[PDB]
Amino acid sequence: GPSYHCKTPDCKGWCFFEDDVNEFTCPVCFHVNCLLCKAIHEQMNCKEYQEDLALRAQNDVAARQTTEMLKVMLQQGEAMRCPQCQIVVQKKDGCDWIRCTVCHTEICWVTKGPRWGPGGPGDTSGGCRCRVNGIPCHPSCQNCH
Ligand SMILES: [Zn+2]
Ligand SMILES: [Zn+2]
Ligand SMILES: [Zn+2]
Ligand SMILES: [Zn+2]
Ligand SMILES: [Zn+2]
């Protein structure tokens, strides 16, 4: 069970990652962190945050740093786009499964795509079909729900 450090400057707030929890309310500074954007964006959904962050690339050097950082993460695994709404999702250490914050699509992190077909939970006509006939979606999978 790995951990996340609050993004408020110099804050000592931290949490463990949990499969079903995508937001961290810091007990120190009380700010709400988003555990898939790794950022505090309390008047935005994740899509509004990520688009505005790309608009600050022209030009903030800090934003341009992180936006180009993310584009290497996506091009090399350790980050991915939601297969449904296409927001950039970053890893939650120890969690093989994530429910998108914007569209609520279940994402299989092990296989870097959807958990299920359209029609959602139970539809093994798409997605990673973990455990059908006993086979895990990947032999490293431990629990993608
Ligand atoms: Zn904090
Ligand atoms: Zn977010
Ligand atoms: Zn989504
Ligand atoms: Zn899976
Ligand atoms: Zn699996």
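Counting begins at 1 with the first residue displayed.
Method reported for this entry: X-ray crystallography, 2.2 Å.
Heads up, the Cβ atoms here are built off N, Cα and C, so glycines get one too.
Sequence-distant neighbours of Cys95 (active site) (same chain, 6+ apart, CB under 8 A from its CB) are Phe17, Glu18, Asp19, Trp109. In the three-state DSSP reading, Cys95 (active site) counts as coil. Residues or ranges marked as active site by Swiss-Prot: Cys95.
Under DSSP, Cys6 (Zn(2+) 3 binding site) is assigned to coil, being neither helix nor strand in the three-state scheme. On its own chain, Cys6 (Zn(2+) 3 binding site) has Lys12, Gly13, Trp14, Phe24, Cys26, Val28, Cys29, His31, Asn33 as residues at least 6 apart in sequence with a Cβ closer than 8 Å to its own Cβ. Marked as Zn(2+) 3 binding site by Swiss-Prot: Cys6, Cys11, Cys26, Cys29.
The Cβ of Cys46 (Zn(2+) 4 binding site) lies under 8 Å from the Cβ of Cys34, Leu36, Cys37, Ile87, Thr101, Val102, each of which sits 6+ residues away along the same chain. Positions annotated as Zn(2+) 4 binding site by Swiss-Prot: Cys34, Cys37, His41, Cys46.
Around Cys103 (Zn(2+) 5 binding site), the same-chain residues six or more apart in sequence whose CB sits under 8 Å from its CB are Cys82, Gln84, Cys85, listed in sequence order. According to Swiss-Prot, the Zn(2+) 5 binding site annotation covers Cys82, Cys85, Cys100, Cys103.
Residues annotated as zinc finger in Swiss-Prot, with sequence analysis given as evidence: 82-111.
A straight line from the CA of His41 (Zn(2+) 4 binding site) to the CA of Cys100 (Zn(2+) 5 binding site) spans 16 Å. It is 26 Å from the Cα atom of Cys100 (Zn(2+) 5 binding site) to that of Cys11 (Zn(2+) 3 binding site).
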